[PDB]
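Source file coords.cif; content: mmCIF, C-alpha atoms.
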data_coords
loop_
_atom_site.group_PDB
_atom_site.id
_atom_site.type_symbol
_atom_site.label_atom_id
_atom_site.label_comp_id
_atom_site.auth_asym_id
_atom_site.auth_seq_id
_atom_site.Cartn_x
_atom_site.Cartn_y
_atom_site.Cartn_z
ATOM 1 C CA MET A 1 19.969 23.190 -19.896
ATOM 2 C CA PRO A 2 21.052 25.132 -23.010
ATOM 3 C CA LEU A 3 24.622 26.298 -23.627
ATOM 4 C CA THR A 4 25.741 29.278 -21.546
ATOM 5 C CA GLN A 5 26.307 31.141 -24.824
ATOM 6 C CA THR A 6 22.638 30.538 -25.671
ATOM 7 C CA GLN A 7 21.437 31.728 -22.277
ATOM 8 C CA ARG A 8 23.386 34.982 -22.463
ATOM 9 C CA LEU A 9 22.225 35.776 -25.993
ATOM 10 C CA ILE A 10 18.608 34.914 -25.105
ATOM 11 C CA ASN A 11 18.987 37.124 -22.032
ATOM 12 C CA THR A 12 20.030 39.986 -24.290
ATOM 13 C CA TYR A 13 17.873 39.397 -27.371
ATOM 14 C CA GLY A 14 14.997 37.110 -26.353
ATOM 15 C CA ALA A 15 12.374 39.661 -25.368
ATOM 16 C CA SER A 16 12.665 41.703 -28.565
ATOM 17 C CA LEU A 17 12.641 38.605 -30.761
ATOM 18 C CA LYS A 18 9.583 37.075 -29.082
ATOM 19 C CA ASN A 19 7.364 40.107 -29.798
ATOM 20 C CA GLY A 20 9.141 40.860 -33.083
ATOM 21 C CA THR A 21 9.869 44.437 -32.066
ATOM 22 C CA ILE A 22 13.623 44.068 -32.619
ATOM 23 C CA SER A 23 14.791 47.002 -34.768
ATOM 24 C CA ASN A 24 16.476 46.567 -38.135
ATOM 25 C CA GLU A 25 19.741 47.755 -36.546
ATOM 26 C CA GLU A 26 19.671 45.324 -33.651
ATOM 27 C CA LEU A 27 18.574 42.480 -35.950
ATOM 28 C CA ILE A 28 21.485 43.295 -38.255
ATOM 29 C CA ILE A 29 23.820 43.130 -35.246
ATOM 30 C CA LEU A 30 22.303 39.810 -34.149
ATOM 31 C CA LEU A 31 22.943 38.526 -37.686
ATOM 32 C CA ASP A 32 26.676 39.414 -37.489
ATOM 33 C CA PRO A 33 28.463 36.207 -38.550
ATOM 34 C CA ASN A 34 30.510 36.273 -35.323
ATOM 35 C CA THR A 35 27.631 36.505 -32.848
ATOM 36 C CA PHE A 36 27.713 32.718 -32.340
ATOM 37 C CA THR A 37 31.004 30.813 -32.051
ATOM 38 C CA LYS A 38 32.298 27.263 -31.920
ATOM 39 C CA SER A 39 34.012 26.320 -28.662
ATOM 40 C CA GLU A 40 37.764 26.923 -28.622
ATOM 41 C CA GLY A 41 39.804 23.991 -29.914
ATOM 42 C CA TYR A 42 38.119 21.022 -31.569
ATOM 43 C CA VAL A 43 34.653 19.505 -31.548
ATOM 44 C CA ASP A 44 34.677 15.894 -30.293
ATOM 45 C CA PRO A 45 31.857 13.978 -32.011
ATOM 46 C CA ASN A 46 32.160 11.241 -29.379
ATOM 47 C CA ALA A 47 31.154 13.635 -26.588
ATOM 48 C CA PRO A 48 27.885 15.499 -26.002
ATOM 49 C CA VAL A 49 27.287 19.112 -27.086
ATOM 50 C CA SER A 50 28.447 21.224 -24.112
ATOM 51 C CA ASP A 51 29.960 24.595 -23.208
ATOM 52 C CA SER A 52 33.427 23.211 -23.972
ATOM 53 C CA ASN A 53 32.415 21.092 -26.979
ATOM 54 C CA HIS A 54 30.309 22.670 -29.720
ATOM 55 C CA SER A 55 30.531 23.676 -33.356
ATOM 56 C CA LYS A 56 29.289 27.021 -34.614
ATOM 57 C CA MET A 57 26.149 25.372 -35.993
ATOM 58 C CA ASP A 58 25.682 23.483 -32.704
ATOM 59 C CA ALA A 59 25.547 26.851 -30.934
ATOM 60 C CA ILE A 60 23.132 28.468 -33.386
ATOM 61 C CA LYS A 61 20.891 25.377 -33.293
ATOM 62 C CA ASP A 62 20.837 25.516 -29.505
ATOM 63 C CA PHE A 63 19.766 29.183 -29.586
ATOM 64 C CA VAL A 64 16.956 28.592 -32.072
ATOM 65 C CA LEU A 65 15.906 25.427 -30.196
ATOM 66 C CA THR A 66 15.463 27.667 -27.155
ATOM 67 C CA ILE A 67 13.815 30.796 -28.585
ATOM 68 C CA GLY A 68 11.869 29.094 -31.390
ATOM 69 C CA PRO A 69 9.290 27.387 -29.159
ATOM 70 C CA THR A 70 8.381 30.805 -27.702
ATOM 71 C CA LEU A 71 7.393 32.185 -31.127
ATOM 72 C CA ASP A 72 3.914 32.458 -32.619
ATOM 73 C CA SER A 73 4.109 30.910 -36.133
ATOM 74 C CA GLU A 74 3.439 34.183 -37.949
ATOM 75 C CA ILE A 75 5.943 36.028 -35.714
ATOM 76 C CA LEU A 76 8.481 33.344 -36.616
ATOM 77 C CA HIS A 77 7.651 33.727 -40.313
ATOM 78 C CA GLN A 78 8.060 37.509 -40.135
ATOM 79 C CA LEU A 79 11.369 37.236 -38.263
ATOM 80 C CA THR A 80 12.728 34.724 -40.769
ATOM 81 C CA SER A 81 11.764 36.939 -43.715
ATOM 82 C CA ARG A 82 13.442 39.949 -42.141
ATOM 83 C CA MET A 83 16.569 37.936 -41.455
ATOM 84 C CA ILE A 84 16.732 36.882 -45.095
ATOM 85 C CA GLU A 85 16.301 40.519 -46.248
ATOM 86 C CA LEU A 86 18.859 41.913 -43.788
ATOM 87 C CA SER A 87 21.519 39.169 -43.739
ATOM 88 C CA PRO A 88 24.965 40.613 -44.555
ATOM 89 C CA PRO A 89 26.217 40.419 -48.120
ATOM 90 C CA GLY A 90 29.051 37.897 -48.231
ATOM 91 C CA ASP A 91 31.392 36.767 -50.985
ATOM 92 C CA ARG A 92 29.743 35.475 -54.159
ATOM 93 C CA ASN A 93 27.783 32.243 -53.761
ATOM 94 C CA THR A 94 28.023 32.147 -49.935
ATOM 95 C CA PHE A 95 24.481 33.013 -48.782
ATOM 96 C CA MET A 96 23.110 30.067 -46.690
ATOM 97 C CA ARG A 97 26.240 27.895 -47.015
ATOM 98 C CA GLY A 98 27.893 29.164 -43.840
ATOM 99 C CA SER A 99 26.504 28.406 -40.395
ATOM 100 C CA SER A 100 24.100 31.270 -39.794
ATOM 101 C CA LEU A 101 21.101 32.364 -37.759
ATOM 102 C CA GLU A 102 19.016 32.988 -40.866
ATOM 103 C CA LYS A 103 19.667 29.423 -42.073
ATOM 104 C CA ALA A 104 18.689 28.028 -38.679
ATOM 105 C CA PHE A 105 15.495 30.081 -38.363
ATOM 106 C CA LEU A 106 14.454 29.010 -41.873
ATOM 107 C CA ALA A 107 15.198 25.362 -41.031
ATOM 108 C CA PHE A 108 13.184 25.606 -37.818
ATOM 109 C CA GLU A 109 10.231 27.054 -39.662
ATOM 110 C CA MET A 110 10.522 24.321 -42.288
ATOM 111 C CA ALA A 111 10.653 21.671 -39.578
ATOM 112 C CA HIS A 112 7.437 22.717 -37.903
ATOM 113 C CA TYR A 113 5.526 24.886 -40.346
ATOM 114 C CA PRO A 114 6.661 23.707 -43.789
ATOM 115 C CA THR A 115 3.684 25.043 -45.800
ATOM 116 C CA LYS A 116 4.248 28.576 -44.506
ATOM 117 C CA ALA A 117 8.044 28.370 -44.762
ATOM 118 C CA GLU A 118 7.839 27.513 -48.456
ATOM 119 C CA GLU A 119 7.069 31.168 -49.233
ATOM 120 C CA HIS A 120 10.647 32.185 -48.321
ATOM 121 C CA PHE A 121 11.960 30.551 -51.502
ATOM 122 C CA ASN A 122 10.038 33.161 -53.485
ATOM 123 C CA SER A 123 11.789 36.051 -51.733
ATOM 124 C CA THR A 124 13.994 38.476 -53.688
ATOM 125 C CA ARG A 125 17.105 37.452 -51.761
ATOM 126 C CA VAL A 126 16.652 33.686 -52.133
ATOM 127 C CA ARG A 127 15.744 34.071 -55.791
ATOM 128 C CA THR A 128 18.823 36.227 -56.393
ATOM 129 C CA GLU A 129 21.202 33.853 -54.605
ATOM 130 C CA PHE A 130 19.609 30.610 -55.865
ATOM 131 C CA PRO A 131 18.249 31.554 -59.307
ATOM 132 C CA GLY A 132 17.790 28.105 -60.873
ATOM 133 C CA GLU A 133 15.429 25.233 -60.075
ATOM 134 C CA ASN A 134 18.413 23.053 -59.246
ATOM 135 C CA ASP A 135 19.962 25.729 -57.024
ATOM 136 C CA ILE A 136 16.743 25.734 -54.991
ATOM 137 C CA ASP A 137 16.627 21.923 -55.017
ATOM 138 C CA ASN A 138 20.100 21.636 -53.459
ATOM 139 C CA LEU A 139 19.327 24.462 -51.018
ATOM 140 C CA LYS A 140 16.442 22.358 -49.710
ATOM 141 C CA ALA A 141 17.776 18.813 -50.010
ATOM 142 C CA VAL A 142 21.440 19.350 -49.098
ATOM 143 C CA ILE A 143 21.933 22.673 -47.323
ATOM 144 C CA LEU A 144 18.784 22.945 -45.195
ATOM 145 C CA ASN A 145 17.984 19.219 -44.785
ATOM 146 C CA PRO A 146 20.368 18.227 -41.965
ATOM 147 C CA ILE A 147 19.320 21.224 -39.918
ATOM 148 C CA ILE A 148 15.602 20.587 -40.541
ATOM 149 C CA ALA A 149 16.171 16.958 -39.515
ATOM 150 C CA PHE A 150 17.792 18.122 -36.286
ATOM 151 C CA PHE A 151 14.819 20.239 -35.276
ATOM 152 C CA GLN A 152 12.401 17.438 -36.105
ATOM 153 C CA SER A 153 14.200 14.979 -33.842
#
Would it be possible to restate this file's structure as structure tokens?
Amino acid sequence: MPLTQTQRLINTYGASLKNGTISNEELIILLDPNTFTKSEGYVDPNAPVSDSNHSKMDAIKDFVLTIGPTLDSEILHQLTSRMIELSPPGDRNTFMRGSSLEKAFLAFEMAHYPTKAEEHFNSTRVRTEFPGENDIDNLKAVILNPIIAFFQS
């Protein structure tokens, strides 16, 4: 079973994600950096991911792991593109570094549909935030890679 946090957020948001009808306003709210949280206290790496033991990324991963398999590939692509366009402006040089839903959706698409997901690196937002070849290289090999690897196994 998924985390309780995941279940509640799927209960609220799942239907409007699955058919891609979620409005820009509700998608913006879903993308609020505080929508997903680590468990209170510390994460014990020697214990399984649970309701009382999970990082912020653990929680986001669990949510995507749950909703992702319900998505048509083109619906997933469209959702990921919208999330990249609508993701909140943070401090300089912070886009995709923090644990975020847009990073996880992109990673999930790269894990399962890599040819289609490649188009996201051409987007205005990714180009703005990662303007150089090497910026994109690290985005893929360092920032996205562990999350992609999680979804693949």
Can you tell me how far atom CA of residue 86 of chain A sits from atom CA of residue 121 of chain A, in Å to one decimal?
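Going from atom CA of residue 86 of chain A over to atom CA of residue 121 of chain A, I get 15.4 Å.
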Counting all atoms listed in the file, what is within 12 Å of residue 25 of chain A, bar same-chain residues fewer than 2 positions away, as an MDAnalysis selection string?
chainID A and resid 21:23 27:32 82:83 86:88
Output for the residues just chosen: C-alpha atoms as a compact mmCIF listing (two decimals), keeping the file's coordinate frame:
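New file result_1.txt:
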# COMPACT_ATOMS: atom_id res chain seq x y z
CA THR A 21 9.87 44.44 -32.07
CA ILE A 22 13.62 44.07 -32.62
CA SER A 23 14.79 47.00 -34.77
CA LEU A 27 18.57 42.48 -35.95
CA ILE A 28 21.48 43.30 -38.26
CA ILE A 29 23.82 43.13 -35.25
CA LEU A 30 22.30 39.81 -34.15
CA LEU A 31 22.94 38.53 -37.69
CA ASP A 32 26.68 39.41 -37.49
CA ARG A 82 13.44 39.95 -42.14
CA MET A 83 16.57 37.94 -41.46
CA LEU A 86 18.86 41.91 -43.79
CA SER A 87 21.52 39.17 -43.74
CA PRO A 88 24.96 40.61 -44.56
In terms of the shortest atom-to-atom distance over all atoms listed in the file, which of A:10, A:127, A:1, A:63 is closest to residue 50 of chain A?
A:1
Do you have the atom CA of residue 2 of chain A-atom CA of residue 66 of chain A distance handy?
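The value is 7.4 Å.
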Would you kindly translate the PyMOL selection byres ((chain A and resi 115-120) around 12) into the concrete residues it picks from this file, as a PyMOL selection string?
chain A and resi 73-85+102-103+105-114+121-127+130+136+139-140+148
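Separating atom CA of residue 54 of chain A from atom CA of residue 41 of chain A is a distance of 9.6 Å.
Shortest separation to residue 7 of chain A among A:49, A:57, A:64, A:43 occurs at residue A:64, atoms counted being all atoms listed in the file.
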Applying the PyMOL selection byres ((chain A and resi 51) around 10) to the file I just gave you, which residues come out? Please list them as a ChimeraX atom specification.
/A:2-6,38-40,48-50,52-54,59
Translate the PyMOL selection byres ((chain A and resi 60) around 9), as applied to the file shown, into an explicit residue set as a list in words.
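Given this file, the PyMOL selection byres ((chain A and resi 60) around 9) evaluates to residues 6, 36, 37, 55, 56, 57, 58, 59, 61, 62, 63, 64, 65, 99, 100, 101 and 104 of chain A.
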Take the residues that were just selected and, keeping C-alpha atoms, output them as a PDB file, in the coordinates of the input.
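result_18.pdb was written with the following content:
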ATOM      1  CA  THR A   6      22.638  30.538 -25.671  1.00  0.00           C
ATOM      2  CA  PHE A  36      27.713  32.718 -32.340  1.00  0.00           C
ATOM      3  CA  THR A  37      31.004  30.813 -32.051  1.00  0.00           C
ATOM      4  CA  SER A  55      30.531  23.676 -33.356  1.00  0.00           C
ATOM      5  CA  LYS A  56      29.289  27.021 -34.614  1.00  0.00           C
ATOM      6  CA  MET A  57      26.149  25.372 -35.993  1.00  0.00           C
ATOM      7  CA  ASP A  58      25.682  23.483 -32.704  1.00  0.00           C
ATOM      8  CA  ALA A  59      25.547  26.851 -30.934  1.00  0.00           C
ATOM      9  CA  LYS A  61      20.891  25.377 -33.293  1.00  0.00           C
ATOM     10  CA  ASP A  62      20.837  25.516 -29.505  1.00  0.00           C
ATOM     11  CA  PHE A  63      19.766  29.183 -29.586  1.00  0.00           C
ATOM     12  CA  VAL A  64      16.956  28.592 -32.072  1.00  0.00           C
ATOM     13  CA  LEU A  65      15.906  25.427 -30.196  1.00  0.00           C
ATOM     14  CA  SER A  99      26.504  28.406 -40.395  1.00  0.00           C
ATOM     15  CA  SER A 100      24.100  31.270 -39.794  1.00  0.00           C
ATOM     16  CA  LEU A 101      21.101  32.364 -37.759  1.00  0.00           C
ATOM     17  CA  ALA A 104      18.689  28.028 -38.679  1.00  0.00           C
TER      18      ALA A 104
END
Expected axis-aligned box over every listed atom of segment 119-134 of chain A, 8 Å added per side, centre plus edges in Å to one decimal, as JSON:
{"center_x": 14.1, "center_y": 30.8, "center_z": -54.6, "size_x": 30.1, "size_y": 31.4, "size_z": 28.6}
Could you tell me which of A:14, A:33, A:68, A:45 comes closest to residue 89 of chain A if we count all atoms listed in the file?
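When distances to residue 89 of chain A are compared using all atoms listed in the file, the smallest one comes from A:33.
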Minimum-distance residue to residue 13 of chain A, chosen among A:67, A:42, A:93, A:144 (using only C-alpha atoms)
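Among A:67, A:42, A:93, A:144, it is A:67 that comes nearest to residue 13 of chain A.
Residue nearest residue 96 of chain A within the list A:9, A:142, A:149, A:15: A:142 [criterion: smallest interatomic distance, all atoms listed in the file].
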Residue 91 of chain A surroundings by all atoms listed in the file, 12 Å radius, close-in-sequence under 6 positions cut, as number ranges by chain:
A: 97-98, 129
